[PDB]
Every structure is written in C-alpha cells, then in structure tokens.
Amino acid sequence: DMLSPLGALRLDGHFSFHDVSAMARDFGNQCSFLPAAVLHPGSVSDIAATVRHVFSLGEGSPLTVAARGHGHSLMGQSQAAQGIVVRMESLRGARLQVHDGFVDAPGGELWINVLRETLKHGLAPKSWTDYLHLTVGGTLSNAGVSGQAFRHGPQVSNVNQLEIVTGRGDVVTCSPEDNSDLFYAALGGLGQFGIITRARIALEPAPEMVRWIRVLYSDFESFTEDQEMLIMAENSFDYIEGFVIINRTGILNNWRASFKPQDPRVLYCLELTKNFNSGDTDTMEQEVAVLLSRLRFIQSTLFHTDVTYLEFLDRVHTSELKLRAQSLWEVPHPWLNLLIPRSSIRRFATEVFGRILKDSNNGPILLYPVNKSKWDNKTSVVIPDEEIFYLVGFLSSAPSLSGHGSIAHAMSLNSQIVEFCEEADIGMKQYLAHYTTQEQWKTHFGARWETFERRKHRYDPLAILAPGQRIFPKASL
Ligand SMILES: *Cc1cc2c(cc1C)nc1c(=O)[nH]c(=O)nc-1n2C[C@H](O)[C@H](O)[C@H](O)COP(=O)(O)OP(=O)(O)OC[C@H]1O[C@@H](n2cnc3c(N)ncnc32)[C@H](O)[C@@H]1O
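Procedures and definitions
Residues numbered from 1 in each chain as written, not as in the entry; some residues may be left out. Heavy atoms only, no water. UniProt positions renumbered as here; feature names shortened; annotations may be inferred. Domains from an automatic or database assignment. Buried area = accessible area lost by both parts, 1.4 Å probe. Salt bridge = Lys/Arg side-chain N within 4 Å of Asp/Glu carboxyl O. Axes fitted to C-alpha atoms, helices over the stretch in contact; angles between N-to-C directions. Helix = DSSP H or I, 4+ residues; strand = E, 2+ residues; numbered from the N terminus. Parallel < 35°, antiparallel > 145°, perpendicular 65-115°, else oblique. Left-handed = near helix turned anticlockwise from the far one by under 90°. Contact = heavy atoms within 4.5 Å. Nonpolar A, V, L, I, M, F, W, Y, C, P; charged D, E, K, R; others polar. Pairing = 2+ DSSP bridges. 1 Å grid on protein atoms, 1.4 Å probe; cavity = no way out; pocket = protein on both sides within 12 Å on 5 of 7 lines; lining within 4 Å. Points joined across faces, edges and corners; volume = space filled by probe spheres on them. Patch = residues over 30% accessible without salt bridge, like charges linked within 9 Å, V, L, I, M, F, W, Y side chains within 5 Å. Areas by Shrake-Rupley, 256 points an atom, 1.4 Å probe, with all protein chains shown as cover. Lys, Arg positive; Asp, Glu negative; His and termini not counted. Charge placed at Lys NZ, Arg CZ, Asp CG, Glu CD. Buried < 20%, exposed > 50% of the residue type's maximum accessible area, 1.4 Å probe, protein only. Expected span 1.5 Å × (residues − 1). Arc of directions from axis to C-beta. Polar contact = N/O pair within 3.5 Å; in protein donor to acceptor, adjacent residues only side chain to side chain. Near = heavy atom within 4 Å.

Method of determination, as given in the entry header: X-ray crystallography; reported resolution: 2.04 Å.

The name recorded for the chain in the PDB entry is Cytokinin oxidase 2, from Zea mays. Its PDB title, taken directly from the record, is "Structure of maize cytokinin oxidase/dehydrogenase 2 (ZmCKO2)". Under the UniProt heading Sequence similarities (unreviewed entry), the entry covering the chain gives this text: "Belongs to the oxygen-dependent FAD-linked oxidoreductase family."

Take a look at the structure:
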C-alpha cells in the first residue's frame, strides 16, 4: 500500500481516496481518468509534503501529481490516472493582497475573483482570457491570450513573481531577478516544473465603462489588414479580436438583442472596445470616430453598446448561463487552437474557410493577430517565428451522438486542418496542445525542446507533475 503512508501525513487539509469522480473529468468531456487520491490542501505546506512524499518513493512508484485549476483542459491535462489530483481551488481564499499597483493571488484563484477585488481599488489586470472563470495558475501554465495581448502581451507577460512547489517538493519564490530559470520555465510550462501556489499580477487603473463595437467585412484581406493596422497603431482600441462567420444568416438580428445598430458566403466580424470614464465621454466619442474612419468595414453593419468594464470582461459568463440552461455546457468540446504566422494566413484561410469548412454553426471561430515583441523569448511558450502571428480558435461543441456534430465529425475536420497545415508548410503551432507521444512534443517544441527538457530534469526529475500533458512518462528522464 503506497496510499496508506499518504493517509498518515499530518495535513492542514485532507485526502479523499474513494469519492474521486469530479476530478476524473474536464471541460473537454471526452477523457476520464480516475485518480487514486484527491488532495484538498489546507495550505501550501500540504502540497509540498504530498510532492516530497511521492518524490521520496523514487523511480519504483507509478504515483503522479496533477494540480487541478477549474478543469478547463480539454483532453485530460489536469487529470492523473491512478495518481493524486490536487484541488487548487481549496486554497482560493485567502492570501489575496493588492499593493503598489500589483495583486498577489493564490494559484487556485479565479480571474473573475481577482478582478472583483482589484476593482474595489479602481485597478485591474491589463491582459485577459475571453473567459474569467479560469484559475491564475491554469492560464499562466498556458499563456492566457485575449484582445489585449497585442498591446500588453499575454498574461504570462504581466506576472512579476511566482511561488512554486517544484517536482522535488521544494517551495520556491521566483521572479526575473531570483531563481529566474524556474520563473520563466513555469510560464507556459504546462504544469511540468511545479505547482504555482501564488502569483504577483501587474495592475493598471480600471475604466468605469467600455464602448463595445462589432462590424462586418466581406473581404478577408481587408479584414486582416485592418486588424494588423490596429495592432500597430498608437492610441488604438483597447481590445482587438475577430470572428469567422461561415454560412450563418440573421447575424445582425442576433446582435440587435444586445447592441445598438448604426443604422439598420463567409463573413468576418471585427470586435473592438474603447475604455472610458463617465466624465470623459465626448473625448472617447471623438477618438472612436477617428479610429473607425480609417477602417474598411461594411458601414450598415456597425453595432455598438456602452457597458461597465466588468460586464464586458465577464461577457462569456452570460453565454455560459444560457448554455447551462439548455444543458449545453457539459458537452464534448473538440476544440482546435492554432497559431498561424502572418505570411501563411491568407493561404490558410483560402483552404480552411473556402474548402474544408461548410458551416460555423457548432461554435465560434476566433481569428486575430498579436505582436511577437510582447512575448518573452525565455518562457516555455511555443509560438511561430514571425513578428505578427494569428490566433485561430475553432471553439466547437459536439452536442450530437451522430452526424453533423458529433465528436467523430469535429475530429475529422480538425485532422483535415492539421494535415493541410503540414502538407502546405503553413508553419503552424498549436495552442492548448494535446499530443500523446514525446516524439510529437519534441517536434512541437523544436529548437526550444532542449531548454524544456533541461528545465524538466532541474525541477521535476522523476516526472511526477501534470502527467495528463503526456510529455514525460513517470520516471522516464
Ligand atoms: C474552458 C475554456 C477555456 C478557455 C477559454 C474559454 C473557456 C470556456 N478562453 C480562453 C481564452 O480566451 N484565452 C486563453 O488563452 N485560454 C482560454 N481557455 C483555455 C484556458 O486558458 C486553459 O484551459 C487553462 O488550462 C486554464 O484553465 P484552468 O484553471 O481550468 O486549469 P486546468 O485546466 O485545471 O489545468 C491546466 C493545466 O495546468 C496545470 N495546472 C493547473 N493549475 C496549476 C497550478 N496552480 N500550477 C501549475 N500547474 C497547474 C494542470 O495540471 C493542467 O496540465
């Protein structure tokens, strides 16, 4: 019995060794791996003691440790088959401090909760994810990208300090100035080098309102050229995203329920915001008029709405409530998330949207560019080698057991896109990747593999951490 000395640890919290089903599923709703135990930590010391114990067993133990955030992983990345799942949200509380234009947040804290606290001081983080009900540790283990990344970089570019429990069970406080290799390793590190128990996030003064804008384009070339010009301009919009709309009719009528019209085939939606304060509405109106005057969208499709900063940032939670009401939230999510270099974007769009795809009815297609200069080259993040690259997110649901959608249909369409990228040398890199072999991961990492592998031996030599990533099998190094 390897799990009886685990039950002998004098934890601040406790272990669950039978009631473990909730930790054997994720948002992907496809993979289910029953863990042997679930740690509900009462402190970071509990996490460190659990990791130290597993490490003390050496190479003769199949025990693994997976930190679970909000479980938004799509293919078992936060699960541990016959291992130990650490419920990071058990430490949410509790150690949330705002000081000096920074917020110190537990790793298991949701971004929505970081924002609610921070707003009480008139402050907020600068860089977001589209959905806020995700943990600080979970999004930083990836990158955390939204409409602000073009300017502030991803969330991983807006963190100043991390408190980590390494795969050796050591508790380390790190930053660009102390234990910097661990700091940079953890950022986009896919949970490979340790568990982030606390993060210092940079803040900026928060606006009270946002002018939220949506416009349509018929031409991809003009759509993307306008996005690229907006991401390079000075005093531009505060959020820049885009959507690919395949076949769908009554798009302006769907917007009419929330947005004010001004005035009443593959289409492209450009989504923008301009941050503002009530006492400075006229300056915003003038600045927005100027910015829009340089764009080439279909004028009759201009829709806008004035909302609070919180209402805009938490917008996806409204869609979550509607899906939960229709029992459409916990369905399989066979998402495909790609990073496409600027030089390949048109060739990609021609084949993917013009040929491979017939409709976009089972989920949105995100498409927008970012600036590579905002991403630090020392992290574990994998990005294309061009100064401008695009995030392309195929955020599909599979509500059907057969036919149109249908995990088998979504999976076939995803394979076709990836096979095209490979055959036509697009230079694509996947975001939120789910490779099953170390050979597929070596190719993904490419020139950055050696760095990733050396950091792994340094911080998790026995490969105890985040086995669901499938990069390093237990004790394989
Ligand atoms: C479900 C979802 C995801 C999502 C999104 C919208 C929805 C509805 N919108 C995103 C967006 O606009 N931009 C973006 O960059 N990502 C977006 N995502 C994906 C999301 O960021 C990720 O799924 C991410 O993993 C964060 O979510 P979460 O907190 O749910 O974390 P997890 O899924 O349980 O675990 C992720 C991996 O990291 C390891 N892990 C978890 N917590 C930690 C800590 N504290 N320290 C170290 N590693 C940790 C897990 O073991 C797993 O491998």
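Anyway, onward from the coordinates.
A. The arrangement of the domain arrangement of the chain in detail. For the chain, the assigned domains are domain 1 (1–87 + 432–477), domain 2 (88–208) and domain 3 (209–431). Domain 1 and domain 2 are separated by 20 Å when their C-alpha centres are compared. For the pair domain 1 and domain 2, the summed buried surface comes to about 2800 Å²; carbon and sulfur atoms form 62% of the total. Remark: the boundary between domain 1 and domain 2 carries 2 salt bridges.

B. Expanded view of the packing of helix α12 (residues 345–356) against helix α13 (residues 407–423). Here α12 crosses α13 at 150 degrees, and the two axes come no closer than 11 Å. Classified by the angle their axes make, α12 and α13 are roughly antiparallel. The chirality of how α12 crosses α13 is right-handed. Residue-level inspection shows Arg347, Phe348, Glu351, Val352 and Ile356 of α12 in contact with α13, the latter providing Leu413, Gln416, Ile417, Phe420 and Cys421. Of the residues that constitute the contact of α12 with α13, the class distribution is 7 nonpolar, 1 polar and 2 charged.

C. Representation of the sheet that holds strand β3 (residues 65–68). Read across the open sheet, the 4 strands follow the order β1-β2-β4-β3; overall the sheet is mixed. Each end of this open sheet is capped by a strand with a single partner; those strands are β1 (14–16) and β3. On average, adjacent strands in this sheet sit at an angle of 25 degrees to one another, irrespective of strand direction. Alignment of β3 against strand β4 (residues 84–87), held across 4 bridges, turns out to be parallel. Directly across from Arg68, in β4, lies its bridge partner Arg87.

D. Representation of empty space enclosed by the protein in the model. The computed volume of the largest cavity comes to approximately 140 Å³. Taken together, 14 residues form the lining of the largest cavity, with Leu190, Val382, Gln430, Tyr431 and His444 sitting closest to its centre. Element by element, the count of residues in the lining of the largest cavity is highest for helix α14 (residues 438–445), at 3 residues. Residue classes in the lining of the largest cavity are distributed as 9 nonpolar, 5 polar and no charged.

E. Local environment of a negative patch on the surface. On the surface, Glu419, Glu422, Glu423 and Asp425 cluster together into a patch of negative charge. Secondary-structure assignment places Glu422 in helix α13.

F. Geometry of the UniProt feature "domain: FAD-binding PCMH-type" (unreviewed entry) in the chain. The UniProt entry lists residues 31–206 under the feature "domain: FAD-binding PCMH-type" (unreviewed entry), expressed in the numbering used here. As a span, residues 31–206 carries 21% helix and 27% strand, and end to end its C-alpha atoms are 39 Å apart.

G. Region of interest: the pattern of salt bridges. One pass over the structure, following the stated rule, counts 22 salt bridges. Note that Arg211 is salt-bridged to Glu285, the shortest N-O span being 3.7 Å. For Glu285, a relative accessible area of 38% gives the class partly exposed. Taking the shortest distance from any N to any O, the salt bridge between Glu225 and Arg346 comes out at 3.4 Å. Given the relative accessible area of 29%, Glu225 is considered partly exposed.

H. Structural detail: helix α9 (residues 281–293). Between the first and last C-alpha of α9 there are 18 Å, a value that for 13 residues agrees with the 18 Å anticipated at 1.5 Å per step. Among all positions in α9, only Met284, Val288, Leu291 and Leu292 are buried. Angularly, the buried residues of α9 cover 90 degrees about the axis, an arc narrow enough to put them on a single face. For α9, the exposed residues lying more than 90 degrees away from the buried face are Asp282, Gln286 and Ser293.

I. A look at the side chain of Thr129. Mapped onto the elements, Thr129 comes out in the loop between β7 (123–125) and α4 (136–140). Classification of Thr129 by relative accessible area gives buried; the value is 9%. Side-chain polar atoms of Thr129 contact the backbone oxygen of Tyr131, separated by 2.6 Å. When near neighbours in sequence (up to four residues on either side) are disregarded, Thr129 contacts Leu134, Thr139, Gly144, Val145, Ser146 and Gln155.

J. Main features of the site of the ligand. Of all residues adjacent to the ligand, which total 30 residues, the nearest are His72, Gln77, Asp130, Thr135 and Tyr431. Summarising the interface, the protein chains cover 95% of the accessible area of the ligand, which totals 960 Å² for the free molecule. Residue assignment for the shell around the ligand shows that the elements contributing at least two residues are β3, α4 and β10 (194–205). Counted by class, the shell around the ligand contains 10 nonpolar, 18 polar and 2 charged residues. Built from parts of two domains, the shell around the ligand gets at least three residues from each of domain 1 (1–87 + 432–477) and domain 2 (88–208).

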